[PDB]
Amino acid sequence: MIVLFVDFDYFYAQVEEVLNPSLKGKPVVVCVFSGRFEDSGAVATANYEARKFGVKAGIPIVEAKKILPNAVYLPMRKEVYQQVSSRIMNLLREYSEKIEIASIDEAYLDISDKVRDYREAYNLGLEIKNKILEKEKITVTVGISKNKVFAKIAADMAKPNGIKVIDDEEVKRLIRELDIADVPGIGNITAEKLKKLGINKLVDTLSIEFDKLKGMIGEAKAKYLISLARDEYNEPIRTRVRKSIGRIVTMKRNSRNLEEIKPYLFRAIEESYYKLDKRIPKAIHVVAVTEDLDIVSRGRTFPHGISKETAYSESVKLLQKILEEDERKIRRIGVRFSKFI
DNA sequence: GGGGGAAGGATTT
DNA sequence: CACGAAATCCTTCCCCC
Ligand SMILES: Nc1nc2c(ncn2[C@H]2C[C@H](O)[C@@H](COP(=O)(O)OP(=O)(O)OP(=O)(O)O)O2)c(=O)[nH]1
Ligand SMILES: [Ca+2]
Ligand SMILES: [Ca+2]
Ligand SMILES: [Ca+2]
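Anchor point for the first sequence: position 263 equals 263 in the entry's author numbering, and the numbering is continuous, going up by one each time.
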């Protein structure tokens, strides 16, 4: 079982770079301006020239402006990146059929066939990096191991613009040397729940009774960590398919006024439908980010599809339902459509 | 007891 | 201060064999 993971480097930043070469070399920060005030918003991502000074995805634009005032700040253009991504995903098909597109810039290729050992894998890794750097002028980091989880950790260790093979000899030492927090799927919250159990490496999972672990982190993730530590993880690569579409927007001000909110909620629906393009959804949820970044949502599943007019009608009710309960002001508002016909 | 759908959340990338 | 989008998993509630 040989898995090849491809991760496009500082993707958005790099695309903006590609589209305007003069930018290369300078510190670039791709932003998402909320429009509340001046420079309100957050960082979608940044290139390494900015990354090394602490400017990273998540921080407010204002905190980034404070660290690197003379860096280039571009608005985020999601659509563009999307089409550059897909074109690259096509070039990857010319190397395998068994492909899983995890995100806008991640992909696992099952190449157990077209190879047989790692020496001929590290080669296909270079055939792919170079191929991509050529047709689209974009650098990627390749990771190669026996399963998706390790294929990915490989890339993490080798980025940016790198390639790495995690055979088996080392997979053994990693199950003991790797910090549990650096395991895909283990977030900050899960990483911390694992300290209170004495789990600081994968191996420590074998030392704990399964039930005390299922109670702390749930069964799924428990069976996940164990399988990996017990070195028998083998999830397959498969074609993932869109299950939901949506959009959440930020309001210029926080409010509880229905008539003051409806315009944002409607614009969200309008955009969601544009993206739905031909897909008919049976389920709708109205999501809201309260005044203290807490996520609230209400929904309804219908026996039939949902016409645009129905959606308008329903969303207004679901929002009212939200204001009925939570007495907190609303900062962000949006919708999501699922259960397509 | 346990299937199976719903809904509202939690957590991760 | 602190945007966005989508997946999976969890706990709870419910109708009913
Ligand atoms: N709006 C927004 N976009 C994000 C965020 N994190 C990642 N993205 C987007 C833009 C990133 O270029 C893209 C790929 O994510 P990583 O692959 O997580 O980001 P990036 O490629 O810059 O770093 P990397 O190549 O993985 O070392 O996803 C985020 O927190 N907010
Ligand atoms: Ca990544
Ligand atoms: Ca990446
Ligand atoms: Ca992690």
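A virtual CB, placed ideally from N, CA and C, is assigned to each residue, including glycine.
query, result
"Hey, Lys-339 and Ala-283: beta-carbon distance below 7 Å or not?", "yes"
"Just to confirm the assignment, what range does the alpha helix (DSSP H) spanning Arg-253 have?", "Segment 244-255 is the beta strand (DSSP E) holding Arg-253; no alpha helix (DSSP H) there."
"Using 6 Å as the cut-off, classify the Cβ of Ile-199 as near or not near the heavy atoms of ligand 4, replying yes or no.", "no"
"What are the uninterrupted segments assigned as alpha helix (DSSP H) that are 4 or more residues long and contained completely in the region 60-106, given in chain order?", "61-67 and 78-93"
"Would the beta-carbon of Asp-182 be found less than 6 Å away from any heavy atom of ligand 3?", "no"
"Could you check whether the region 202-209 touches the region 61-77, counting it as contact only if at least three pairs of C-beta atoms, one from each stretch, sit closer than 8 Å?", "no"
"Can you give me the C-alpha to C-alpha distance between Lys-275 and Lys-98, rounded to a whole angstrom?", "27 Å"
"Does the Cβ of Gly-143 lie closer than 6 Å to at least one heavy atom of ligand 1?", "no"
"Sorted by chain position, which residues of the same chain lie with C-beta nearer than 6 Å to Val-84's C-beta, five sequence neighbours on each side aside?", "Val-15"
"Starting from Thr-290 and walking both ways along the alpha helix (DSSP H), at which residues does that stretch end?", "Where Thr-290 is concerned, there is no enclosing alpha helix (DSSP H), although the beta strand (DSSP E) it sits in stretches over 281-290."
"Say yes only if the C-beta of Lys-114 is nearer than 6 Å to one or more non-hydrogen atoms of ligand 1, and no if none qualify.", "no"
"What's the C-alpha gap between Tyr-264 and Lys-252?", "10 Å"
"Measure the beta-carbon distance from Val-30 to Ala-44 and round it to whole angstroms, keeping in mind my assumption that it falls under 8 Å.", "5 Å"
"Just tell me which of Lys-135, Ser-227, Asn-161 and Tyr-118 has its CA closest to the CA of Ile-144.", "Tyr-118"
"Counting along the chain, where does the alpha helix (DSSP H) carrying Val-15 start and finish?", "11-18"
"Where does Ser-297 fall in DSSP's three states?", "strand"
"Since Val-72 contacts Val-28 with CB under 8 Å, what's their CB separation in whole angstroms?", "5 Å"
"If you measure between the beta carbons of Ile-2 and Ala-154, is that distance less than 7 Å?", "no"
"Need the endpoints of the alpha helix (DSSP H) that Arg-51 sits in, please.", "48-51"
"Using C-beta distances below 8 Å, list every residue in its chain close to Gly-58, excluding the 5 sequence neighbours before and after it, in chain order.", "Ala-42 and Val-43"
"What does the shell around ligand 2 hold, if a residue joins when its beta-carbon is under 6 Å from any heavy atom?", "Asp-7 and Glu-106"
"If we call anything under 7 Å between Cβ atoms a contact, is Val-140 one with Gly-125?", "no"
"Would you check if the distance between the CB atom of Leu-4 and the CB atom of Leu-109 is smaller than 7 Å?", "yes"
"Is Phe-11 close to ligand 3? I mean its beta-carbon at under 6 Å from any heavy atom of the ligand.", "yes"
"Below 8 Å, can you find three or more Cβ-Cβ pairs linking the region 226-241 to the region 291-301?", "no"
"Ligand 4 and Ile-186: does any heavy atom of the ligand fall closer than 6 Å to the residue's C-beta?", "yes"
"What's the gap between the Cα of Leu-91 and the Cα of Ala-107?", "12 Å"
"Just to confirm the assignment, what range does the beta strand (DSSP E) spanning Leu-23 have?", "Counting along the chain, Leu-23 falls outside any beta strand (DSSP E), and DSSP gives it neither H nor E."
"Out of curiosity, what's the CA-to-CA distance linking residue 342 and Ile-333?", "Not covered by the structure: residue 342. The range shown for the chain is 1 to 341."
"If we count the other Cβ atoms within 10 Å of its Cβ and call it buried at 16 or more, is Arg-331 buried or exposed?", "buried"
"Suppose you measure from the CA of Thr-250 to the CA of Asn-47; what does that come to, to the nearest Å?", "25 Å"
"Can you tell me which of the three DSSP states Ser-338 falls into?", "strand"
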